[PDB]
Amino acid sequence: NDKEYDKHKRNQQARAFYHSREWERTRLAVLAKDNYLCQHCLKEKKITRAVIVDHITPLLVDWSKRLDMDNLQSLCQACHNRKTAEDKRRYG
Ligand SMILES: [Zn+2]
């Protein structure tokens, strides 16, 4: 297919994913496993409530890992922001 169309379809698929029953359930499973604590803060010896579950390898980078618990971490906002910058260095 046309490259820009493939990009469109990937982005539409990713948008739909966050509405999915599978994501809703898996998000909850990760937060529960993590005891609602930010996993980056915990590794840095800090206690912070998580507010988001993030893909380690981003969803748009590897669709196949979208529901893998070892590809998901509960994060606070500050750690999500830090990770976003880190990921720009890796993937643009
Ligand atoms: Zn944190």
# chains A, B, ... in the order shown; residues from 1 in each chain; ligands from 1

call {"tool": "residues_around", "arguments": {"residues": "residue 88 (chain A)", "least_positions_apart": "4", "cutoff": "12 Å", "atoms": "only C-alpha atoms", "output": "PyMOL selection string"}}
result
chain A and resi 57-58+61+81-84+92

call {"tool": "write_last_selection", "arguments": {"atoms": "N, CA, C and O atoms", "output": "CSV table (one decimal), in the first residue's frame"}}
result
chain,number,residue,atom,x,y,z
A,57,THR,N,8.3,-0.4,25.1
A,57,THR,CA,8.4,-0.2,23.7
A,57,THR,C,7.1,0.4,23.2
A,57,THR,O,6.0,-0.3,23.4
A,58,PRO,N,7.1,1.6,22.7
A,58,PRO,CA,5.8,2.2,22.4
A,58,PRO,C,4.9,1.4,21.5
A,58,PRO,O,5.3,0.6,20.7
A,61,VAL,N,5.5,1.7,17.9
A,61,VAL,CA,6.8,1.1,17.5
A,61,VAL,C,6.7,-0.4,17.3
A,61,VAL,O,7.3,-1.0,16.4
A,81,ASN,N,6.7,11.8,31.7
A,81,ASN,CA,7.3,12.9,31.0
A,81,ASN,C,8.8,12.6,30.7
A,81,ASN,O,9.2,12.9,29.5
A,82,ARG,N,9.5,12.1,31.7
A,82,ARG,CA,10.9,11.8,31.5
A,82,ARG,C,11.0,10.7,30.4
A,82,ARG,O,11.9,10.8,29.6
A,83,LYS,N,10.2,9.7,30.5
A,83,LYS,CA,10.3,8.6,29.6
A,83,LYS,C,9.9,9.0,28.2
A,83,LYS,O,10.5,8.5,27.2
A,84,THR,N,9.0,10.0,28.0
A,84,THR,CA,8.7,10.5,26.7
A,84,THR,C,9.9,11.1,26.1
A,84,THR,O,10.2,10.9,24.9
A,92,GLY,N,12.7,8.9,17.9
A,92,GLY,CA,12.4,10.2,17.2
A,92,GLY,C,11.1,10.8,17.7
A,92,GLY,O,10.4,10.3,18.5

call {"tool": "select_by_dssp", "arguments": {"residues": "chain A", "states": "alpha helix (DSSP H)", "output": "PyMOL selection string"}}
result
chain A and resi 3-17+21-33+39-43+77-91

call {"tool": "residues_near_ligand", "arguments": {"ligand": "ligand 1", "cutoff": "8 Å", "atoms": "only C-alpha atoms and all ligand atoms", "output": "list in words"}}
result
residues 38, 39, 40, 41, 42, 46, 47, 48, 49, 50, 75, 76, 77, 78, 79 and 80 of chain A

call {"tool": "write_last_selection", "arguments": {"atoms": "N, CA and C atoms", "output": "PDB file, in the first residue's frame"}}
result
ATOM      1  N   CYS A  38       4.314   4.029  41.045  1.00  0.00           N
ATOM      2  CA  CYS A  38       5.202   4.311  39.928  1.00  0.00           C
ATOM      3  C   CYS A  38       6.432   3.429  40.010  1.00  0.00           C
ATOM      4  N   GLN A  39       6.669   2.632  38.974  1.00  0.00           N
ATOM      5  CA  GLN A  39       7.778   1.666  38.985  1.00  0.00           C
ATOM      6  C   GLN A  39       9.134   2.302  38.777  1.00  0.00           C
ATOM      7  N   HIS A  40       9.189   3.449  38.116  1.00  0.00           N
ATOM      8  CA  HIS A  40      10.463   4.150  37.976  1.00  0.00           C
ATOM      9  C   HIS A  40      10.851   4.807  39.280  1.00  0.00           C
ATOM     10  N   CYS A  41       9.902   5.462  39.932  1.00  0.00           N
ATOM     11  CA  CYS A  41      10.153   6.015  41.257  1.00  0.00           C
ATOM     12  C   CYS A  41      10.573   4.918  42.227  1.00  0.00           C
ATOM     13  N   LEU A  42       9.910   3.770  42.174  1.00  0.00           N
ATOM     14  CA  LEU A  42      10.246   2.685  43.100  1.00  0.00           C
ATOM     15  C   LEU A  42      11.702   2.237  42.922  1.00  0.00           C
ATOM     16  N   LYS A  46      11.770   5.710  45.769  1.00  0.00           N
ATOM     17  CA  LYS A  46      10.764   6.715  46.032  1.00  0.00           C
ATOM     18  C   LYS A  46       9.386   6.095  45.896  1.00  0.00           C
ATOM     19  N   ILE A  47       8.444   6.628  46.657  1.00  0.00           N
ATOM     20  CA  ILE A  47       7.058   6.179  46.665  1.00  0.00           C
ATOM     21  C   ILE A  47       6.160   7.248  46.062  1.00  0.00           C
ATOM     22  N   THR A  48       5.585   6.936  44.896  1.00  0.00           N
ATOM     23  CA  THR A  48       4.725   7.858  44.174  1.00  0.00           C
ATOM     24  C   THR A  48       3.568   7.100  43.561  1.00  0.00           C
ATOM     25  N   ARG A  49       2.363   7.613  43.735  1.00  0.00           N
ATOM     26  CA  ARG A  49       1.186   7.018  43.117  1.00  0.00           C
ATOM     27  C   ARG A  49       1.297   7.068  41.588  1.00  0.00           C
ATOM     28  N   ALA A  50       1.031   5.945  40.933  1.00  0.00           N
ATOM     29  CA  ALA A  50       0.959   5.910  39.475  1.00  0.00           C
ATOM     30  C   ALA A  50      -0.337   6.515  38.976  1.00  0.00           C
ATOM     31  N   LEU A  75       3.272   4.369  35.929  1.00  0.00           N
ATOM     32  CA  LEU A  75       4.144   5.551  36.057  1.00  0.00           C
ATOM     33  C   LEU A  75       3.392   6.737  36.626  1.00  0.00           C
ATOM     34  N   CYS A  76       4.127   7.579  37.355  1.00  0.00           N
ATOM     35  CA  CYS A  76       3.640   8.899  37.725  1.00  0.00           C
ATOM     36  C   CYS A  76       3.802   9.835  36.530  1.00  0.00           C
ATOM     37  N   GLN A  77       3.228  11.025  36.617  1.00  0.00           N
ATOM     38  CA  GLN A  77       3.303  11.955  35.499  1.00  0.00           C
ATOM     39  C   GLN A  77       4.737  12.374  35.191  1.00  0.00           C
ATOM     40  N   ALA A  78       5.513  12.677  36.223  1.00  0.00           N
ATOM     41  CA  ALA A  78       6.885  13.115  36.029  1.00  0.00           C
ATOM     42  C   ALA A  78       7.718  12.056  35.337  1.00  0.00           C
ATOM     43  N   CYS A  79       7.541  10.798  35.742  1.00  0.00           N
ATOM     44  CA  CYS A  79       8.261   9.702  35.103  1.00  0.00           C
ATOM     45  C   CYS A  79       7.763   9.448  33.687  1.00  0.00           C
ATOM     46  N   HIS A  80       6.475   9.629  33.431  1.00  0.00           N
ATOM     47  CA  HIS A  80       5.968   9.506  32.059  1.00  0.00           C
ATOM     48  C   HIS A  80       6.566  10.589  31.162  1.00  0.00           C
TER      49      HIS A  80
END

call {"tool": "atom_distance", "arguments": {"atom1": "CA of residue 6 (chain A)", "atom2": "CA of residue 71 (chain A)"}}
result
23.9 Å

call {"tool": "atom_distance", "arguments": {"atom1": "CA of residue 56 (chain A)", "atom2": "CA of residue 32 (chain A)"}}
result
17.5 Å

call {"tool": "closest_residue", "arguments": {"among": "A:87, A:68, A:30, A:59", "to": "residue 17 (chain A)", "atoms": "only C-alpha atoms"}}
result
A:59

call {"tool": "select_by_dssp", "arguments": {"residues": "chain A", "states": "strand (DSSP E)", "output": "list in words"}}
result
residues 52, 53, 54, 55, 72, 73, 74 and 75 of chain A

call {"tool": "write_last_selection", "arguments": {"atoms": "N, CA, C and O atoms", "output": "tab-separated table (two decimals), in the first residue's frame"}}
result
chain	number	residue	atom	x	y	z
A	52	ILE	N	-0.74	6.51	35.22
A	52	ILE	CA	-0.84	6.06	33.84
A	52	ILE	C	-0.09	4.75	33.70
A	52	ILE	O	0.84	4.50	34.46
A	53	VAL	N	-0.52	3.91	32.77
A	53	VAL	CA	0.23	2.71	32.40
A	53	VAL	C	0.80	2.96	31.01
A	53	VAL	O	0.03	3.27	30.08
A	54	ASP	N	2.12	2.83	30.87
A	54	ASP	CA	2.82	3.12	29.61
A	54	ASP	C	3.49	1.87	29.04
A	54	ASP	O	4.02	1.04	29.78
A	55	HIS	N	3.49	1.79	27.71
A	55	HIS	CA	4.25	0.79	26.97
A	55	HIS	C	5.72	1.12	27.00
A	55	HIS	O	6.11	2.25	26.69
A	72	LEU	N	4.81	-3.28	29.98
A	72	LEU	CA	3.93	-2.25	30.55
A	72	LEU	C	4.36	-1.86	31.96
A	72	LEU	O	4.68	-2.74	32.77
A	73	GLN	N	4.39	-0.56	32.25
A	73	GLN	CA	4.73	-0.09	33.58
A	73	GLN	C	3.78	0.99	34.05
A	73	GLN	O	3.40	1.88	33.29
A	74	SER	N	3.43	0.93	35.33
A	74	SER	CA	2.68	2.01	35.97
A	74	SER	C	3.65	3.14	36.30
A	74	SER	O	4.72	2.89	36.86
A	75	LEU	N	3.27	4.37	35.93
A	75	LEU	CA	4.14	5.55	36.06
A	75	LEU	C	3.39	6.74	36.63
A	75	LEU	O	2.19	6.89	36.41

call {"tool": "atom_distance", "arguments": {"atom1": "CA of residue 24 (chain A)", "atom2": "CA of residue 67 (chain A)"}}
result
10.3 Å

call {"tool": "closest_residue", "arguments": {"among": "A:16, A:85, A:69, A:28", "to": "residue 51 (chain A)", "atoms": "only C-alpha atoms"}}
result
A:28

call {"tool": "closest_residue", "arguments": {"among": "A:63, A:33, A:70, A:90", "to": "residue 15 (chain A)", "atoms": "only C-alpha atoms"}}
result
A:63
